There are 2 protein chains.
Amino acid sequence: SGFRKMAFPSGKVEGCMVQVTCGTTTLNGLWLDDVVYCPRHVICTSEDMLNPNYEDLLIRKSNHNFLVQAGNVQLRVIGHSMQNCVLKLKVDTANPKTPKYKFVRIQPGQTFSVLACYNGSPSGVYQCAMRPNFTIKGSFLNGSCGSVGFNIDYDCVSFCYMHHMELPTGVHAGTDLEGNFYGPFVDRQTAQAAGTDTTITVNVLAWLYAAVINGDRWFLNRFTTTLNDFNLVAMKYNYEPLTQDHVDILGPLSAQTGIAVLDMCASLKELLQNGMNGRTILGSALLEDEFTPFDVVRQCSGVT
Amino acid sequence: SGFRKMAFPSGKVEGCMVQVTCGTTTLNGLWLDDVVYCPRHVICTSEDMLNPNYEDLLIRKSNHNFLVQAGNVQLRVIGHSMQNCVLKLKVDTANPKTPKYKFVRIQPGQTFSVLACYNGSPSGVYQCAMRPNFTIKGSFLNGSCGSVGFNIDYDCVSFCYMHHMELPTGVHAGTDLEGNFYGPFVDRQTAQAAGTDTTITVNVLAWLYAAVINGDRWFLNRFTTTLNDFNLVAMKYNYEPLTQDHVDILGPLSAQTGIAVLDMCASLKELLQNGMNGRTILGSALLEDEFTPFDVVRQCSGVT
Ligand SMILES: N#Cc1ccccc1C[C@@H](N)C(=O)N[C@H](Cc1ccc(Cl)cc1Cl)C(=O)N[C@H](CC(=O)NCCc1ccccc1)Cc1ccc(F)cc1
Ligand SMILES: N#Cc1ccccc1C[C@@H](N)C(=O)N[C@H](Cc1ccc(Cl)cc1Cl)C(=O)N[C@H](CC(=O)NCCc1ccccc1)Cc1ccc(F)cc1
Ligand SMILES: [Cl-]
Ligand SMILES: [Cl-]
């Protein structure tokens with residue numbers, strides 16, 4: 001029993017982290033087979049960053065303008081290209097530690113593990129969700145750019161996030177591994193604002209089911225509600241509307257606990273209206289929304 | 001910026017996890033050089049577990065009674081011994097992935113990363129603290145026994161915990177890697193109760209400093225307090241007494257933020273007396289006590 005913020009084991013990704021240097025700029029890259037993937041703003045000086053023309057800046061670069069280091073071993077760059085906001089550096093050596101992997105672009109509300117890295121060296125791992133406003137509430141310092149987010153499924157690493165920048169509010173923005181930003185953001189050093197965020201309703205409900213699976217029942221009630229009535233309340237408290245697809249995704253948890261989804265929605269409605277009144281759920285004093293239904297199934301026992 | 005429950009990268013420990021089988025009993029072992037470390041109750045049947053005499057049970061075993069599997073490769077056991085509550089199995093093959101490592105027995109209040117494993121296969125990593133009552137609030141299912149907890153310092157893995165059992169309350173008990181339990185517990189299947197737990201005061205204070213470093217100041221006040229006056233309040237709210245050694249450990253954080261330790265104690269006193277009144281700190285609605293001063297320094301910027 002018990003319930004924790006749980007990341008995937010990071011070893012398969014640690015073996016892919018390298019350091020990329022262009023001029024005085026250094027950040028992290030991801031070394032898969034004979035290609036290194038990193039944020040394209042590695043080619044920018046501090047002055048370039050305010051308003052870069054990346055096509056202009058890249059045409060002025062050659063292969064020998066890029067330094068790639070794996071451990072204390074330099075990899076020779078033999079080719080380079082730009083794909084959206086990621087720079088690809090072809091190197092002369094295929095990574096012998098390359099895992100089975102895929103590149104995946106995720107939806108808001110999905111979670112992933114982040115391997116925070118500095119100068120090509122992994123320093124820690126944590127769990128994140130993609131917020132509905134396409135930021136993540138990461139933990140990142142200077143030098144973290146190029147750190148990646150991933151899920152693991154039967155020894156296949158699905159990479160879904162590469163870190164590019166911290167916004168004025170301190171949240172974080174980045175791209176899929178093909179260089180497309182999540183959200184409306186662009187890779188230049190200007191003050192960009194995320195849209196107003198919302199709470200991930202299907203995840204809160206998943207986490208309430210985790211609590212029941214762990215024997216925590218104090219918040220349940222005998223009431224139920226309709227989808228339309230619940231969504232009125234979701235709107236009032238800045239929760240994402242609950243869709244029928246999300247009701248269906250919660251099927252297995254509902255069946256393991258015998259609590260219909262719309263029953264749990266009535267408990268959540270009551271929690272939103274009355275607060276917790278000093279009690280906790282799974283050791284938390286607020287409603288947690290960064291566990292997906294998948295996360296709950298993965299971590300909890302298959303029997304309540 | 002940002003602040004997350006952050007574990008160490010787990011790769012160096014993943015390469016040491018194996019599966020140990022004795023009879024119908026299977027759990028996880030740790031393979032370092034040519035020795036596999038695992039809970040000694042792997043030699044127990046379900047009936048043996050209620051009241052085992054381990055010396056009696058082990059003398060009835062030979063080397064070929066133990067099956068060790070690393071991946072799909074069986075390791076041949078060539079010797080076995082008991083050290084307190086850990087079984088040591090000598091194998092014919094030294095682990096080529098053995099990291100630089102140490103065995104360390106930690107104090108309550110210290111944190112570590114846990115690599116949760118099933119059948120020798122790593123499934124997730126999370127952060128834990130050793131509670132003052134010598135349990136950990138882990139996330140563990142059947143088959144997790146033999147999972148280890150660790151810290152990493154400059155590529156040296158310090159192993160500090162091996163998982164042995166879940167108590168009736170759902171918290172977890174285990175040993176150092178020399179097989180000595182943390183706390184008063186013993187490895188037999190009886191209902192054992194932990195002592196009443198307390199909040200880790202020095203860690204709460206560390207986490208308040210993390211919040212200030214991240215620009216979160218709403219809880220500060222102009223007051224200060226004495227060590228003796230603070231400890232009166234700590235007693236009232238079931239907090240560990242603050243020692244002068246803990247005041248000293250908080251030195252660097254106090255100096256980076258310009259807030260004297262005893263000043264922060266006055267803020268904590270006010271937080272305990274008045275609650276949060278609906279506000280959050282580092283995204284939490286309760287006072288978090290599973291970040292050490294070291295954890296905060298490691299994760300936060302060196303400049304406020
Ligand atoms: N992670 C990360 C990271 C963090 C710090 C330094 C460096 C890095 C990595 C580094 N790589 C990077 O992200 N640097 C961007 C600048 C940048 C580079 C490159 C690109 Cl392409 C785009 C950008 Cl925006 C960066 O400094 N942002 C700051 C960070 C900041 O002051 N937070 C305060 C939050 C806060 C705290 C308390 C209270 C309220 C708020 C915010 C900002 C300011 C002006 C601006 F115009 C745009 C953004
Ligand atoms: N992790 C782990 C784990 C978890 C489940 C199954 C298996 C394992 C690993 C496995 N290895 C292991 O720990 N099994 C011990 C039994 C055991 C084996 C070997 C030794 Cl040496 C010692 C022990 Cl005690 C185990 O089943 N404990 C149960 C677990 C339980 O019912 N929690 C409910 C909490 C709860 C939930 C909701 C509300 C309130 C409370 C509690 C218990 C019951 C009777 C008793 F007498 C002693 C302990
Ligand atoms: Cl798709
Ligand atoms: Cl010591």
# chains A, B, ... in the order shown; residues from 1 in each chain; ligands from 1
>>> closest_atom_pairs(of="chain B", to="ligand 4", cutoff="10 Å", atoms="only C-alpha atoms and all ligand atoms", output="tab-separated table")
residue	atom	partner	partner_atom_place_in_ligand_line	distance
B:103	CA	ligand 4	1 (Cl)	9.8
B:104	CA	ligand 4	1 (Cl)	7.0
B:105	CA	ligand 4	1 (Cl)	6.6
B:106	CA	ligand 4	1 (Cl)	7.8
B:107	CA	ligand 4	1 (Cl)	9.3
>>> select_by_dssp(residues="stretch 216-285 of chain B", states="helix (DSSP H, G or I)", output="ChimeraX atom specification")
/B:227-236,244-249,251-257,261-274
>>> write_last_selection(atoms="C-alpha atoms", output="mmCIF file, in the first residue's frame")
data_model
loop_
_atom_site.group_PDB
_atom_site.id
_atom_site.type_symbol
_atom_site.label_atom_id
_atom_site.label_comp_id
_atom_site.auth_asym_id
_atom_site.auth_seq_id
_atom_site.Cartn_x
_atom_site.Cartn_y
_atom_site.Cartn_z
ATOM 1 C CA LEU B 227 15.212 28.079 20.940
ATOM 2 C CA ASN B 228 13.551 27.183 24.251
ATOM 3 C CA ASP B 229 10.313 29.036 23.469
ATOM 4 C CA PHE B 230 10.092 27.460 20.024
ATOM 5 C CA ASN B 231 10.571 23.972 21.445
ATOM 6 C CA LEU B 232 7.646 24.468 23.830
ATOM 7 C CA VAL B 233 5.467 24.985 20.748
ATOM 8 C CA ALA B 234 7.147 22.119 18.885
ATOM 9 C CA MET B 235 6.134 19.848 21.756
ATOM 10 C CA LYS B 236 2.539 21.085 21.582
ATOM 11 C CA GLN B 244 21.543 23.446 18.143
ATOM 12 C CA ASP B 245 23.098 20.984 15.704
ATOM 13 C CA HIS B 246 20.016 21.385 13.504
ATOM 14 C CA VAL B 247 20.235 25.171 13.813
ATOM 15 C CA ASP B 248 23.827 24.879 12.582
ATOM 16 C CA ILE B 249 22.927 22.570 9.694
ATOM 17 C CA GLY B 251 23.363 27.828 8.409
ATOM 18 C CA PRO B 252 23.908 27.968 4.632
ATOM 19 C CA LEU B 253 20.197 28.363 3.840
ATOM 20 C CA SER B 254 19.860 31.058 6.498
ATOM 21 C CA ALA B 255 22.849 32.896 5.013
ATOM 22 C CA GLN B 256 21.591 32.629 1.436
ATOM 23 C CA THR B 257 18.206 34.101 2.401
ATOM 24 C CA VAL B 261 17.042 30.330 11.835
ATOM 25 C CA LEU B 262 15.245 31.588 14.937
ATOM 26 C CA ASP B 263 13.445 34.140 12.760
ATOM 27 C CA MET B 264 12.152 31.327 10.569
ATOM 28 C CA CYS B 265 11.163 29.451 13.735
ATOM 29 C CA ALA B 266 8.855 32.355 14.609
ATOM 30 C CA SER B 267 7.218 32.049 11.197
ATOM 31 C CA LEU B 268 6.778 28.302 11.702
ATOM 32 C CA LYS B 269 5.322 28.922 15.171
ATOM 33 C CA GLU B 270 2.775 31.279 13.600
ATOM 34 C CA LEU B 271 1.999 28.755 10.849
ATOM 35 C CA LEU B 272 1.373 26.043 13.451
ATOM 36 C CA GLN B 273 -0.843 28.344 15.531
ATOM 37 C CA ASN B 274 -2.945 29.879 12.732
#
>>> closest_atom_pairs(of="chain B", to="ligand 1", cutoff="12 Å", atoms="only C-alpha atoms and all ligand atoms", output="JSON lines")
{"residue": "B:1", "atom": "CA", "partner": "ligand 1", "partner_atom_place_in_ligand_line": "4 (C)", "distance": 5.7}
{"residue": "B:2", "atom": "CA", "partner": "ligand 1", "partner_atom_place_in_ligand_line": "36 (C)", "distance": 8.1}
{"residue": "B:3", "atom": "CA", "partner": "ligand 1", "partner_atom_place_in_ligand_line": "36 (C)", "distance": 11.2}
{"residue": "B:210", "atom": "CA", "partner": "ligand 1", "partner_atom_place_in_ligand_line": "37 (C)", "distance": 11.3}
{"residue": "B:211", "atom": "CA", "partner": "ligand 1", "partner_atom_place_in_ligand_line": "37 (C)", "distance": 9.3}
{"residue": "B:212", "atom": "CA", "partner": "ligand 1", "partner_atom_place_in_ligand_line": "37 (C)", "distance": 8.8}
{"residue": "B:213", "atom": "CA", "partner": "ligand 1", "partner_atom_place_in_ligand_line": "37 (C)", "distance": 8.0}
{"residue": "B:214", "atom": "CA", "partner": "ligand 1", "partner_atom_place_in_ligand_line": "37 (C)", "distance": 5.1}
{"residue": "B:215", "atom": "CA", "partner": "ligand 1", "partner_atom_place_in_ligand_line": "37 (C)", "distance": 4.2}
{"residue": "B:216", "atom": "CA", "partner": "ligand 1", "partner_atom_place_in_ligand_line": "38 (C)", "distance": 7.0}
{"residue": "B:217", "atom": "CA", "partner": "ligand 1", "partner_atom_place_in_ligand_line": "38 (C)", "distance": 9.6}
{"residue": "B:218", "atom": "CA", "partner": "ligand 1", "partner_atom_place_in_ligand_line": "38 (C)", "distance": 11.8}
{"residue": "B:282", "atom": "CA", "partner": "ligand 1", "partner_atom_place_in_ligand_line": "37 (C)", "distance": 11.0}
{"residue": "B:300", "atom": "CA", "partner": "ligand 1", "partner_atom_place_in_ligand_line": "4 (C)", "distance": 10.4}
{"residue": "B:301", "atom": "CA", "partner": "ligand 1", "partner_atom_place_in_ligand_line": "5 (C)", "distance": 8.4}
{"residue": "B:302", "atom": "CA", "partner": "ligand 1", "partner_atom_place_in_ligand_line": "5 (C)", "distance": 11.1}
{"residue": "B:303", "atom": "CA", "partner": "ligand 1", "partner_atom_place_in_ligand_line": "5 (C)", "distance": 10.3}
{"residue": "B:304", "atom": "CA", "partner": "ligand 1", "partner_atom_place_in_ligand_line": "37 (C)", "distance": 8.7}
>>> closest_atom_pairs(of="chain B", to="chain A", cutoff="7 Å", atoms="only C-alpha atoms", output="Markdown table")
| residue | atom | partner | partner_atom | distance |
| --- | --- | --- | --- | --- |
| B:1 | CA | A:140 | CA | 5.6 |
| B:2 | CA | A:139 | CA | 4.3 |
| B:3 | CA | A:139 | CA | 5.1 |
| B:4 | CA | A:139 | CA | 6.0 |
| B:5 | CA | A:126 | CA | 6.4 |
| B:6 | CA | A:126 | CA | 5.1 |
| B:7 | CA | A:125 | CA | 5.3 |
| B:8 | CA | A:124 | CA | 4.6 |
| B:9 | CA | A:124 | CA | 5.2 |
| B:10 | CA | A:10 | CA | 5.6 |
| B:11 | CA | A:11 | CA | 3.5 |
| B:14 | CA | A:11 | CA | 6.9 |
| B:122 | CA | A:9 | CA | 6.6 |
| B:123 | CA | A:9 | CA | 6.5 |
| B:124 | CA | A:8 | CA | 4.6 |
| B:125 | CA | A:7 | CA | 5.3 |
| B:126 | CA | A:6 | CA | 5.1 |
| B:137 | CA | A:2 | CA | 6.7 |
| B:138 | CA | A:2 | CA | 5.8 |
| B:139 | CA | A:2 | CA | 4.3 |
| B:140 | CA | A:1 | CA | 5.6 |
| B:141 | CA | A:1 | CA | 6.0 |
| B:170 | CA | A:1 | CA | 5.8 |
| B:285 | CA | A:285 | CA | 5.3 |
| B:286 | CA | A:285 | CA | 6.1 |
| B:301 | CA | A:141 | CA | 6.5 |
>>> write_last_selection(atoms="N, CA and C atoms", output="mmCIF file, in the first residue's frame")
data_model
loop_
_atom_site.group_PDB
_atom_site.id
_atom_site.type_symbol
_atom_site.label_atom_id
_atom_site.label_comp_id
_atom_site.auth_asym_id
_atom_site.auth_seq_id
_atom_site.Cartn_x
_atom_site.Cartn_y
_atom_site.Cartn_z
ATOM 1 N N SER B 1 13.777 27.777 -11.452
ATOM 2 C CA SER B 1 12.981 27.807 -10.233
ATOM 3 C C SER B 1 12.059 26.582 -10.209
ATOM 4 N N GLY B 2 11.137 26.547 -9.254
ATOM 5 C CA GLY B 2 10.301 25.384 -9.051
ATOM 6 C C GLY B 2 10.874 24.476 -7.981
ATOM 7 N N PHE B 3 10.015 23.621 -7.433
ATOM 8 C CA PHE B 3 10.457 22.737 -6.356
ATOM 9 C C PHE B 3 9.621 21.470 -6.388
ATOM 10 N N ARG B 4 10.299 20.341 -6.497
ATOM 11 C CA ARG B 4 9.665 19.056 -6.733
ATOM 12 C C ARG B 4 10.257 18.025 -5.789
ATOM 13 N N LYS B 5 9.473 16.988 -5.494
ATOM 14 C CA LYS B 5 10.032 15.800 -4.866
ATOM 15 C C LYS B 5 10.997 15.178 -5.862
ATOM 16 N N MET B 6 12.292 15.248 -5.595
ATOM 17 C CA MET B 6 13.297 14.855 -6.574
ATOM 18 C C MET B 6 14.107 13.664 -6.083
ATOM 19 N N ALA B 7 14.138 12.597 -6.876
ATOM 20 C CA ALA B 7 14.964 11.440 -6.561
ATOM 21 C C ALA B 7 16.292 11.532 -7.296
ATOM 22 N N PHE B 8 17.243 10.713 -6.864
ATOM 23 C CA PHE B 8 18.471 10.547 -7.624
ATOM 24 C C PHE B 8 18.211 9.709 -8.875
ATOM 25 N N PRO B 9 18.933 9.981 -9.962
ATOM 26 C CA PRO B 9 18.891 9.086 -11.122
ATOM 27 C C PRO B 9 19.189 7.658 -10.687
ATOM 28 N N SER B 10 18.359 6.723 -11.138
ATOM 29 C CA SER B 10 18.367 5.379 -10.574
ATOM 30 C C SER B 10 19.237 4.392 -11.345
ATOM 31 N N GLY B 11 19.805 4.798 -12.494
ATOM 32 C CA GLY B 11 20.465 3.840 -13.387
ATOM 33 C C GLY B 11 21.528 2.977 -12.722
ATOM 34 N N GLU B 14 19.656 0.305 -10.887
ATOM 35 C CA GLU B 14 18.934 -0.611 -11.766
ATOM 36 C C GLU B 14 19.815 -1.764 -12.226
ATOM 37 N N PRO B 122 13.115 -3.279 -12.077
ATOM 38 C CA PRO B 122 12.756 -1.955 -11.547
ATOM 39 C C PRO B 122 11.473 -1.433 -12.174
ATOM 40 N N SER B 123 10.584 -0.894 -11.339
ATOM 41 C CA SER B 123 9.339 -0.343 -11.856
ATOM 42 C C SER B 123 9.122 1.141 -11.583
ATOM 43 N N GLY B 124 9.775 1.733 -10.588
ATOM 44 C CA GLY B 124 9.592 3.154 -10.349
ATOM 45 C C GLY B 124 10.521 3.640 -9.263
ATOM 46 N N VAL B 125 10.683 4.959 -9.197
ATOM 47 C CA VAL B 125 11.552 5.540 -8.178
ATOM 48 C C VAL B 125 10.833 6.696 -7.496
ATOM 49 N N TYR B 126 11.001 6.796 -6.179
ATOM 50 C CA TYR B 126 10.398 7.903 -5.456
ATOM 51 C C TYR B 126 11.313 8.289 -4.309
ATOM 52 N N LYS B 137 7.140 5.850 4.837
ATOM 53 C CA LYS B 137 5.835 5.871 4.191
ATOM 54 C C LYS B 137 6.094 5.610 2.717
ATOM 55 N N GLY B 138 6.316 4.343 2.403
ATOM 56 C CA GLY B 138 6.663 3.955 1.056
ATOM 57 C C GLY B 138 5.436 3.714 0.210
ATOM 58 N N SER B 139 5.696 3.279 -1.016
ATOM 59 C CA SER B 139 4.670 2.767 -1.923
ATOM 60 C C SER B 139 5.162 1.400 -2.396
ATOM 61 N N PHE B 140 4.613 0.332 -1.810
ATOM 62 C CA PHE B 140 5.113 -1.027 -2.002
ATOM 63 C C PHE B 140 3.961 -2.013 -2.079
ATOM 64 N N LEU B 141 4.060 -2.954 -3.017
ATOM 65 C CA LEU B 141 3.094 -4.025 -3.178
ATOM 66 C C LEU B 141 3.764 -5.359 -2.869
ATOM 67 N N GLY B 170 0.151 -0.045 7.162
ATOM 68 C CA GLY B 170 0.462 0.252 5.783
ATOM 69 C C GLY B 170 1.757 1.001 5.565
ATOM 70 N N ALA B 285 -0.446 22.454 0.673
ATOM 71 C CA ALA B 285 -1.369 23.008 1.649
ATOM 72 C C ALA B 285 -1.086 22.524 3.064
ATOM 73 N N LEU B 286 -0.033 21.732 3.260
ATOM 74 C CA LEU B 286 0.437 21.376 4.593
ATOM 75 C C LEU B 286 1.942 21.610 4.656
ATOM 76 N N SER B 301 18.502 26.973 -6.591
ATOM 77 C CA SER B 301 19.586 27.825 -7.050
ATOM 78 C C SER B 301 20.448 28.261 -5.871
#
>>> closest_residue(among="B:132, B:79, B:29, B:108", to="residue B:239", atoms="only C-alpha atoms")
B:132
>>> atom_distance(atom1="atom CA of residue B:148", atom2="atom 11 (N, counted along the ligand's line) of ligand 2")
13.2 Å
>>> select_by_dssp(residues="stretch 65-180 of chain B", states="strand (DSSP E)", output="PDB file with C-alpha atoms, in the first residue's frame")
ATOM      1  CA  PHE B  66      18.709 -20.677  -4.225  1.00  0.00           C
ATOM      2  CA  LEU B  67      17.902 -19.423  -7.728  1.00  0.00           C
ATOM      3  CA  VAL B  68      19.308 -16.036  -8.775  1.00  0.00           C
ATOM      4  CA  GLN B  69      18.248 -14.451 -12.052  1.00  0.00           C
ATOM      5  CA  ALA B  70      19.753 -11.321 -13.636  1.00  0.00           C
ATOM      6  CA  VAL B  73      20.502 -15.130 -17.145  1.00  0.00           C
ATOM      7  CA  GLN B  74      20.745 -17.462 -14.169  1.00  0.00           C
ATOM      8  CA  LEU B  75      23.632 -16.858 -11.772  1.00  0.00           C
ATOM      9  CA  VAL B  77      25.103 -19.662  -6.232  1.00  0.00           C
ATOM     10  CA  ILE B  78      28.408 -20.922  -4.812  1.00  0.00           C
ATOM     11  CA  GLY B  79      28.043 -19.923  -1.162  1.00  0.00           C
ATOM     12  CA  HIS B  80      25.605 -18.418   1.281  1.00  0.00           C
ATOM     13  CA  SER B  81      25.605 -16.800   4.706  1.00  0.00           C
ATOM     14  CA  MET B  82      23.396 -14.830   7.074  1.00  0.00           C
ATOM     15  CA  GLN B  83      24.290 -11.401   8.481  1.00  0.00           C
ATOM     16  CA  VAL B  86      20.080 -10.137   5.274  1.00  0.00           C
ATOM     17  CA  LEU B  87      20.989 -13.256   3.350  1.00  0.00           C
ATOM     18  CA  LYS B  88      24.211 -13.050   1.340  1.00  0.00           C
ATOM     19  CA  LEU B  89      24.506 -15.296  -1.722  1.00  0.00           C
ATOM     20  CA  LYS B  90      27.925 -15.639  -3.309  1.00  0.00           C
ATOM     21  CA  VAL B  91      27.620 -16.140  -7.062  1.00  0.00           C
ATOM     22  CA  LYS B 100      31.258   2.626  -6.751  1.00  0.00           C
ATOM     23  CA  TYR B 101      29.239   2.101  -3.587  1.00  0.00           C
ATOM     24  CA  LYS B 102      29.054   2.227   0.199  1.00  0.00           C
ATOM     25  CA  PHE B 103      26.690   0.815   2.811  1.00  0.00           C
ATOM     26  CA  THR B 111      15.902  11.148   2.990  1.00  0.00           C
ATOM     27  CA  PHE B 112      16.759   8.681   0.257  1.00  0.00           C
ATOM     28  CA  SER B 113      15.603   7.481  -3.132  1.00  0.00           C
ATOM     29  CA  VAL B 114      13.762   4.159  -3.409  1.00  0.00           C
ATOM     30  CA  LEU B 115      13.919   1.999  -6.535  1.00  0.00           C
ATOM     31  CA  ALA B 116      10.760  -0.086  -6.275  1.00  0.00           C
ATOM     32  CA  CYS B 117      11.264  -3.467  -7.943  1.00  0.00           C
ATOM     33  CA  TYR B 118       9.235  -6.587  -8.682  1.00  0.00           C
ATOM     34  CA  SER B 121      12.724  -5.674 -12.458  1.00  0.00           C
ATOM     35  CA  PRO B 122      12.756  -1.955 -11.547  1.00  0.00           C
ATOM     36  CA  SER B 123       9.339  -0.343 -11.856  1.00  0.00           C
ATOM     37  CA  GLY B 124       9.592   3.154 -10.349  1.00  0.00           C
ATOM     38  CA  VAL B 125      11.552   5.540  -8.178  1.00  0.00           C
ATOM     39  CA  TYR B 126      10.398   7.903  -5.456  1.00  0.00           C
ATOM     40  CA  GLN B 127      11.712   9.945  -2.517  1.00  0.00           C
ATOM     41  CA  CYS B 128      11.239   8.877   1.115  1.00  0.00           C
ATOM     42  CA  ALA B 129      12.356  10.021   4.526  1.00  0.00           C
ATOM     43  CA  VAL B 148      16.607  -0.716  -1.825  1.00  0.00           C
ATOM     44  CA  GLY B 149      16.896   2.931  -0.846  1.00  0.00           C
ATOM     45  CA  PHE B 150      19.982   4.956  -1.705  1.00  0.00           C
ATOM     46  CA  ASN B 151      21.632   8.334  -2.102  1.00  0.00           C
ATOM     47  CA  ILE B 152      24.229   9.193  -4.754  1.00  0.00           C
ATOM     48  CA  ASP B 153      27.270  11.420  -4.217  1.00  0.00           C
ATOM     49  CA  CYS B 156      29.214   6.717  -5.452  1.00  0.00           C
ATOM     50  CA  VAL B 157      25.964   4.997  -4.477  1.00  0.00           C
ATOM     51  CA  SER B 158      25.360   4.961  -0.715  1.00  0.00           C
ATOM     52  CA  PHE B 159      22.832   2.206  -0.061  1.00  0.00           C
ATOM     53  CA  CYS B 160      20.924   2.819   3.172  1.00  0.00           C
ATOM     54  CA  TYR B 161      17.687   0.773   3.122  1.00  0.00           C
ATOM     55  CA  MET B 162      16.465  -2.655   2.099  1.00  0.00           C
ATOM     56  CA  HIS B 163      12.724  -3.272   2.212  1.00  0.00           C
ATOM     57  CA  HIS B 164      11.473  -6.159   4.376  1.00  0.00           C
ATOM     58  CA  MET B 165       7.816  -5.725   5.298  1.00  0.00           C
ATOM     59  CA  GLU B 166       4.615  -3.706   5.469  1.00  0.00           C
ATOM     60  CA  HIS B 172       7.023   0.062   5.786  1.00  0.00           C
ATOM     61  CA  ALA B 173       9.934  -1.356   7.773  1.00  0.00           C
ATOM     62  CA  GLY B 174      13.337  -2.575   6.711  1.00  0.00           C
ATOM     63  CA  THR B 175      17.054  -2.771   7.362  1.00  0.00           C
TER      64      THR B 175
END
